[PDB]
Amino acid sequence: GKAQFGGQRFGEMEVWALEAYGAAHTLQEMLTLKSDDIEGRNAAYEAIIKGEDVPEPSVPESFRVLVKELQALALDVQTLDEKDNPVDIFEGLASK
Amino acid sequence: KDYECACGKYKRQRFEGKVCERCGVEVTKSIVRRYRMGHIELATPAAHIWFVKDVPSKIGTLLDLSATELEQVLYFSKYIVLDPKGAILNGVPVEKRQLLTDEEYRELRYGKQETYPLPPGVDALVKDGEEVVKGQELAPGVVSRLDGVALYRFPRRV
Amino acid sequence: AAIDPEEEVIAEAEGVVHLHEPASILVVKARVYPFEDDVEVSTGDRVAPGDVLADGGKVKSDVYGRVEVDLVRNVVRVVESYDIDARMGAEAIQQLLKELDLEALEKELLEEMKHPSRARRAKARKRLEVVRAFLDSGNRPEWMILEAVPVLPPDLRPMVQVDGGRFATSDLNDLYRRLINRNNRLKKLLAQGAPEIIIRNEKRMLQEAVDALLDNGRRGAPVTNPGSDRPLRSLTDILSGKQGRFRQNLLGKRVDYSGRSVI
Amino acid sequence: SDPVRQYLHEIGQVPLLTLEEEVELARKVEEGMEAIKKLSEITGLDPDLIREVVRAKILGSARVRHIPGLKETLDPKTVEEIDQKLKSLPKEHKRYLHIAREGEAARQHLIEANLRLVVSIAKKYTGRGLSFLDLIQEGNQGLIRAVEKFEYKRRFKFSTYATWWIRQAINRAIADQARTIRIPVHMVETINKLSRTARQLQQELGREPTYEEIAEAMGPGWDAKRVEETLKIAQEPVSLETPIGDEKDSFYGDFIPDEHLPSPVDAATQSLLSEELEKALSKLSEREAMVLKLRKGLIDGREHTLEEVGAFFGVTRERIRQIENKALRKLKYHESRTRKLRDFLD
RNA sequence: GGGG
DNA sequence: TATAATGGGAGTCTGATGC
DNA sequence: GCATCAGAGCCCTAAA
Ligand SMILES: [Zn+2]
């Protein structure tokens, strides 16, 4: 909303449009650097004011929320590599 | 707060990973309050409702328990037998995984008994300790419904 | 015997005693075993035929039952009843789930797959599909029962001071609080040896509290904050629906570097 | 299917006690406690440990757990060992074991027979922030307390004594758990008092009282400032999921910015400030910048004073309090040219 | 509740 | 901590699928 | 057959 200085909602149907165009990098920007990828949005802003190109995005924070919310439901959600080894998307912060 | 413990003995990043002795808080990024899980240790186990109420029940199908049966055990309406220990009810032996009501469980577990109010002042037609048949007359207005040892409760006159 | 020294009935001299005019007569299905000397079993013990009761082994029990030691009548009663193990709740189910050999049940269900009437084969398949899921996955069925309940990190259920100094808080905090209260009260009721009616009431309430936390409204009345009809928003409500995590923050998002105006 | 109705049916399965039976059970409970006291002397054990062991065998094998305060983990081995020491007593001593057992059994029945009393008390406390069953269970907790403290000799009926303990237990429950932000029980009492007072004041005045009118009504110690501070403390939080409007869309939480995590601008600024800060201490010299850098600490917060500074700068100790001035002074001249740090003053 |  | 007190109050229409 | 469940378009504004 305008009163909160809000961003526009790029909703399910808007994502579909970008998919049908095959605009993979525009869509990925929408899903990460222009929203909840915190490292990405911070890093992209820093690049633009320095004249560099925007960096490759990282994990959207709302995916981390989904993972933690599924754990609260006692479901173990694991990101895996091609070797089926776990990949830690919390970068060591949530493991003892 | 980022890299700052609760009581404020260790307030900056030279210590990262230290756990303050006084207040017990790790010095790291405050972002971890989005990540680290806690837990509650239940005293008695509780079923996860998804594996109960999502039809056909996953627990119910594995154990061959209907929707109604699984409800009755989980929500404390009916017993389920793990080890009958030779019990028998209404003449047939109790088989493991049988559902018992509360009355059925009490008859099996604690035995069967009944108490009859002798009209006040009326003296009993039977004596304390004596074995009794069903139908035997205990007092002018009192007839016993079951076999067993009759027991005096509160003698008014000694 | 009585409250005060007077009103006691003391025997004047030698005599024999008779009991008359009882308030009620209690008929118990039990066996009576009188004993002259010391009795070796105390009251409450459970007993099987042949077990020694009193007098160094002379008197023993005939029936299966629960020991009642009468110090007035000088008799050891054994009330006919069994040592049966029958349970209620998730603890019973967790045991039966632990006591599953999934390999065996597969074998049995495969043999059942060899049967006419079509309906028999249909049900054994559905069962066999759950069995095979657990077998292939490596998940133990008793994990569908919770012992430790996870707690979501606090920044995902925040308590924040809004503009006015007022506090705003997530519904999950209240669902957890109900749970914690009931768990703590249950621990206390157990240590203090409450009767089974009370412990049972507490246990079923604990189940409902877990149920509201995970999926509120799914079974039974939705838990609400006091003086509002609004169902509290549980973990299931957060994930699912148009407003859920998937269709609101995941398959679509609000974005930076965007604007809108009239065309 | 209805949790209240189910419980009401189960309590109705225990008949109420006659005056004789009520006194009998109460009598046996008291005698049993005395028996456990005596059994402690004879045996050299702990009265609570004995009591839990007695109680364990009465309730059966079903309930066995560690009890907070008991010296031994109360597992089937210890309850067998300790029970065997109790059963090793001579006939005149061993009778106290039978008494204790019969005491615990009677306690159970007494509690069970009064559950309907708790319901009738709890039903009156609905609507204060605890659900009906929560009120019943807390009421049941008081009933347990009443059975342990009851003196049957005083000839009062049990319902009379219990009611005090049950009411007490529910009221402590309402005061303790009803608030998301927990408030000390005495403070809840003051707040509740403040409420009642305003209700009186408004009923005679035909309008809301001011803070001053309540402060007067509350007596000495109270001014309007204190009435206001107390109401601020009594404010309960509001749900982030409270709907704005009636449609299901938009929640109150959706209108709340996150003030904790730095914004892209803020993150950028902190990086830029650190970058000009080091790129400023080295253009005079890295070393007099090294003495100074140690004094504040970049990501350390190494601010104390004269003492500690005894160590590794490179000089002894008063001198650093000068190169600190010379560090700050050399920084100050060079700054007017590279006046780029002025804008970070906001 | 209005706008497309 | 002691008269006695003992069982609650309240409110559309679709199609798909498991008893 | 009949009950129980989970579905029922998108973006935006303002009011709370
Ligand atoms: Zn600290």
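To match Swiss-Prot, the residue numbers of chain B are left as they are there, and the shown ones run 54-211.
Technique stated in the header: X-ray crystallography, 2.8 Å.
Each Cβ is built from the backbone N, Cα and C atoms, and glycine gets one as well.
So that you can see what the record holds, here are the features copied from Swiss-Prot:
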type	residues	note
BINDING	B:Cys58, B:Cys60, B:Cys73, B:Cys76	Zn(2+) 1 binding site
Least buried of the binding-site residues B:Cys73, B:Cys76, going by other Cβ atoms within 10 Å?
B:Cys76
According to DSSP, which of helix, strand or coil covers B:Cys60 (Zn(2+) 1 binding site)?
coil
Binding-site residues near chain C, Cβ-Cβ under 8 Å, from B:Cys58, B:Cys60, B:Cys76
none
Cβ within 8 Å of the Zn(2+) 1 site's Cβ centroid: which residues qualify beyond B:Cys58, B:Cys60, B:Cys73, B:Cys76?
B:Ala59, B:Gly61, B:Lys62, B:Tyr63, B:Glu74, B:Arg75, B:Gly77, B:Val78
